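Note sheet for the following structure.
Derivation of every value follows stated rules applied to the coordinates shown; laboratory data play no part. Every residue, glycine among them, receives a Cβ derived from its backbone with ideal geometry; neighbour counts consider all protein chains shown.
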Ligand SMILES: O=P(O)(O)O[C@H]1[C@H](OP(=O)(O)O)[C@@H](OP(=O)(O)O)[C@H](OP(=O)(O)O)[C@@H](OP(=O)(O)O)[C@H]1OP(=O)(O)O
Ligand SMILES: Nc1ncnc2c1ncn2[C@@H]1O[C@H](COP(=O)(O)OP(=O)(O)OP(=O)(O)O)[C@@H](O)[C@H]1O
């Protein structure tokens, strides 16, 4: 049913149940403006079963600046907008069935037909009809989920209503957590101690279940409500009547579906529940709602939007707002600034804000149709007032329409900023879904369309994949395996033929820094990143800091996302921020003492790596190095020691010669992994073995394993052996057919297979946590002689040909299901889980964890893209510091967090002289200029005498070190030995602290010029 090859990322987000719920459901969408178009695109990407778009308007030239499917031909033909776009929308997802309608909505229009839709979304509608439709929807049985959203210039309104009661199945959709129990007290209420340095991160009132408790078997399977006492403690209710705590136990999070209560739209006017996006001005959203209501009343009164530059319109609107505020529950003070700006820009349309609101509202429709997350209750008022705020007091000439496609945007931000936008030269790194949305935004904004200066540069090396069609909407299935940037630029050309773009198929890295040299950065104005990993982000941040250019970064996963802004001399840089690295699983944990399913899947993954990539490559490279097995035999006979040769030889002795031999090898490997390991470990540690403190060695987090009895009939075992045999045949270049995987043939083979008996040994076990993988074990001469015997055996059997010395080397593909990599990893991890009494995991979760595939969804991408576009608008405007806003959000709650960005910090070194990360010093001079002259020039220009000198690793001068103090006589070029290609050289200096003996305070990097 569910096309994982298409849906896998969002499948990791919402869950297969959600997909089977967007299936069988039907949604009605009306308005088909820019906002409605965004909704429709987001939903069809998401894969809702069927969508009915509605629009009665005719095509206009004004619609072209906000619609990326309309063309001038459609306006010429005066077609219906929905009719024109219907063909293009269906291209995004053929699985969805899409219909169009144009029945005008009015007072006499009957709404009974709407019952076929479980959710209704309205855009570009007059308010009383919205009231009527909301009433009809919420009066239905079941009530139709109602969503309204509007955009007016820089202002936007979003509203939601799912009826008076709505059941949210999953509140926020995270993985439930598990915490090992350190101790439980017998008290009323009993208090449970978590494992030390493992905080539970829970909430008072949350519900937990328990299992494996030694002592309290009764609460194993019980559910209690907690009351957080400490990060490692909380009360769980009375335990006095119970047994003493012995040991063990694990508490597990319990999810409970909840009920959320909405209100009718008309009633919500007086008492609007408003989500907060900036806690510094919590009352502002109420002001925004008041202003929008005043605009609605204005449109009711005059059948038109207020006109820019009309002082009478602004006065009337302010009067209306003041009258309306008196009718409000709280009666907030009317903000004249908001009213003035709305009157100035009511008729405009700002595309990025519309895109962001569209993404958010679409995610709300997903919430409505699935119950997967807590919905909005009930209002949202996003805005970009800061953009026009920096404009001071402009006039209408900037915003007067000029007959072009950009008239809506011009009415928003004025023509001069449009000119600047068309003249921008933008470098975009990475062209993922975020990149595609940025391209769409630029095309809508006309960025770079100016032939004078405009140029959009983008680069990305990866090819298009079917799995990327879900989010990277610019592409089509016939674009698979083609360069991403090329197809993206081609598609963007369709959106805006005036645009100018240059695509590259290159990864951004220090190796490619030659092409992306500092001059190339100098030509650019802005840098936008749609990267996936952090290291590339830090490298790009270093390049941006070197070239002193603004940089915008964003990252998304699941419903969570964030946007961050860097401005020279204004903000801190990404590398300034630092975090602890990702947690490395302990070597003893992953090798011998797993405790979580993640440990087992990790073990499966690296065992797969060793068995199919690493070891075969070692074998092949070894035989590339050494010509013949007889040569190796001669060398070993003459006492030669070749690193890892012994493993190569043992590999040779293990080479199967037919499919049945591969099957036998797989069976033996199964035995070794899941039977012999447990037996060996238990021989080393019986369940009754105890520590010196008298406690049992086997306790949490350690888990005593058990050998697994082989079973041909087990489907898990069948899949495991099948994938193993397939992989081994692939590596050893042994052909086969699918009938070889039949249980009949496998049973036939295994009837002859004899299993060698287990033999316990006494290998040293790195049971300690701190232990890590050591060096190679010194192979005894007995093992060497055994290998020699096997070697001459192979030589006599003539098994020394080039084919014997060559084998296939694989790579971990995850998207192709037929290679069986995912199947093998799943089988191995599940089997290892049963060894340690751990519940198995499904295939999709296994693929997610092993491949480290980040869950993603189109709505979050669109929203973060809109935010990034707004911030790029601000930085291109050269706005003051306060305008720029870092933002973090989580659609699950949902929650939006705006904040002022991190201000750059200034560090004083001496005499009040302070500098920043942005600052770099420069000097000029001559060849015969000396180091002492350099010190003097520094003390002159910057009022401070250098105390130590280093150029990279060339540790140049310190007064205290004897042999280098005399270098002050030497000139620069003979001393540092620079590369003459440059006219200069860069250097790092620090200054002795005001209190001597402390560390020298480092200054900014300084570049000295030879001339
Ligand atoms: O070399 P690795 O892939 O890291 O794994 C090795 C390997 O097992 P595989 O053969 O299945 O890869 C060893 O066997 P050889 O390659 O040397 O034949 C085996 O040693 P034994 O054959 O003596 O069991 C050893 O087990 P250990 O490290 O416990 O001695 C095991 O390590 P892991 O299974 O933990 O990776
Ligand atoms: N150093 C780099 N230079 C150029 N492009 C890069 C670099 N690092 C990452 N990218 C690009 O960043 C993009 C990130 O977008 P996205 O998450 O859609 O990637 P993906 O590989 O298609 O997806 P997935 O991570 O789900 O496999 C990738 O398409 C990748 O090509």
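Points to keep in mind about this one:
- Qualifying residue in the range 573-595 (condition: touching a strand residue (DSSP E or B) at 6+ places or on another chain (Cβ under 7 Å) and within 30 Å of residue 880 (Cβ to Cβ)): yes
- Residues located in the range 418-440, provided they are in contact (Cβ under 8 Å) with a residue 40 or more places away in the chain, away from ligand 2 (no atom under 16 Å from the Cβ) and surrounded by fewer than 21 Cβ atoms within 10 Å (Cβ to Cβ): 420, 425
- Residue count for the range 502-515 satisfying the condition of being without any contact (Cβ under 8 Å) to a residue 60 or more places away in the chain and either within 16 Å of ligand 1 (Cβ to nearest atom) or buried (at least 16 other Cβ atoms within 10 Å of the Cβ) (or both): 2.
- Single residue of the range 818-843 satisfying the filter (free of Cβ contacts under 8 Å to residues at least 24 places away in the same chain and closer than 19 Å to residue 728 by Cβ) that is nearest to ligand 1 (Cβ to nearest atom): 819
- Number of residues in the range 450-484 that are part of a loop (DSSP other than H, G, I, E, B) and either in contact with a strand residue (DSSP E or B) (Cβ under 9 Å, 6 or more places away or on another chain) or within 16 Å of ligand 1 (Cβ to nearest atom) (or both): the value is 9.
Each row is one residue, and each column tells you yes or no for (1) over 28 Å from residue 575 (Cα atoms); (2) part of a helix (DSSP H, G or I).
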| site | (1), (2) |
| --- | --- |
| 974 | yes, yes |
| 993 | no, no |
| 996 | yes, no |
| 1004 | no, no |
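- Residue within the range 818-839 that is within 16 Å of ligand 2 (Cβ to nearest atom) and over 27 Å from residue 362 (Cα atoms) present: yes
- Qualifying residue in the range 498-513 (condition: away from ligand 2 (no atom under 11 Å from the Cβ) and assigned to a helix (DSSP H, G or I)): yes
- Selection within the range 583-607: residues that are more than 14 Å from ligand 1 (Cβ to nearest atom) and within 24 Å of the chain's Cα centre (by Cα). The member of this set that is surrounded by the most Cβ atoms within 10 Å (Cβ to Cβ) is 601.
- Those residues of the range 339-362 which are in a helix (DSSP H, G or I) and either in contact with a strand residue (DSSP E or B) (Cβ under 7 Å, 6 or more places away or on another chain) or farther than 15 Å from residue 412 by Cβ (or both), in sequence order: 339, 342, 345, 353, 354, 357, 358, 359, 360, 361, 362
- Enumeration of residues in the range 162-190 that are surrounded by 18 or more Cβ atoms within 10 Å (Cβ to Cβ), in contact with a strand residue (DSSP E or B) (Cβ under 7 Å, 6 or more places away or on another chain) and more than 30 Å from residue 239 (Cα to Cα): 162, 166, 168
- Test: residue in the range 485-496 that is within 23 Å of residue 856 (Cβ to Cβ) and not in a helix (DSSP H, G or I): no
- Residue 521 fulfils the conditions (1) within 22 Å of residue 871 (Cβ to Cβ); (2) buried (at least 19 other Cβ atoms within 10 Å of the Cβ); (3) within 16 Å of ligand 2 (Cβ to nearest atom) except for a single criterion, (2).
- Residue within the range 648-657 that is away from ligand 1 (no atom under 16 Å from the Cβ), over 42 Å from the mean Cα position of the chain (by Cα), loosely packed, with under 14 Cβ neighbours inside 10 Å and under 26 Å from residue 723 (Cβ atoms) present: yes
- Residue within the range 417-431 that is more than 16 Å from ligand 1 (Cβ to nearest atom), assigned to a helix (DSSP H, G or I) and closer than 20 Å to residue 45 by Cβ present: no
- Selection from the range 80-118 of residues that are in a loop (DSSP other than H, G, I, E, B) and out of contact with any strand residue (DSSP E or B) (no Cβ under 8 Å at 6 or more places or on another chain): 93, 94, 95, 104, 106, 107, 108, 109, 110, 111
- Residue match in the range 527-536 (condition: more than 16 Å from ligand 1 (Cβ to nearest atom), assigned to a helix (DSSP H, G or I), touching a residue at least 12 places away in the same chain (Cβ under 8 Å) and surrounded by 15 or more Cβ atoms within 10 Å (Cβ to Cβ)): yes
- Look at (1) touching a helix residue (DSSP H, G or I) at 6+ places or on another chain (Cβ under 7 Å); (2) surrounded by fewer than 18 Cβ atoms within 10 Å (Cβ to Cβ) and you find that residue 867 fails only one, number (2).
- Residue list for the range 626-644, restricted to those being within 43 Å of the chain's Cα centre (by Cα) and either on the phi < 0 side of the Ramachandran plot or buried (at least 18 other Cβ atoms within 10 Å of the Cβ) (or both): 643
- Filtered residues of the range 392-406 (kept if in a helix (DSSP H, G or I) and touching a helix residue (DSSP H, G or I) at 6+ places or on another chain (Cβ under 6 Å)): 398
- Hits in the range 690-708 (condition: in a loop (DSSP other than H, G, I, E, B), free of Cβ contacts under 8 Å to residues at least 24 places away in the same chain and loosely packed, with under 14 Cβ neighbours inside 10 Å): 691, 692, 693, 694
- The range 204-216 - residue that is part of a loop (DSSP other than H, G, I, E, B) and surrounded by fewer than 16 Cβ atoms within 10 Å (Cβ to Cβ) and, of those, farthest from the chain's Cα centre (by Cα): 212
- Residue 482 surrounded by fewer than 21 Cβ atoms within 10 Å (Cβ to Cβ) and away from ligand 2 (no atom under 15 Å from the Cβ): no
- When the range 19-60 is filtered for residues that are in a loop (DSSP other than H, G, I, E, B) and over 19 Å from residue 94 (Cβ atoms), the ones remaining, listed by number, are 31, 32, 33, 55, 56, 57, 59, 60.
- The residue pairs whose first member lies in the range 668-685 and is in contact (Cβ under 8 Å) with a residue 40 or more places away in the chain and more than 15 Å from residue 834 (Cβ to Cβ), whose second member is more than 7 Å from ligand 1 (Cβ to nearest atom) and assigned to a helix (DSSP H, G or I), and whose beta carbons are closer than 8 Å, counting only pairs six or more residues apart or on different chains, are 669/724.
- Within the range 844-863, tally of residues that are touching a residue at least 12 places away in the same chain (Cβ under 8 Å) and not in a helix (DSSP H, G or I): 5
- Residues satisfying the criterion are absent from the range 748-763 (criterion: closer than 27 Å to residue 841 by Cβ, away from ligand 2 (no atom under 16 Å from the Cβ) and surrounded by fewer than 16 Cβ atoms within 10 Å (Cβ to Cβ)).
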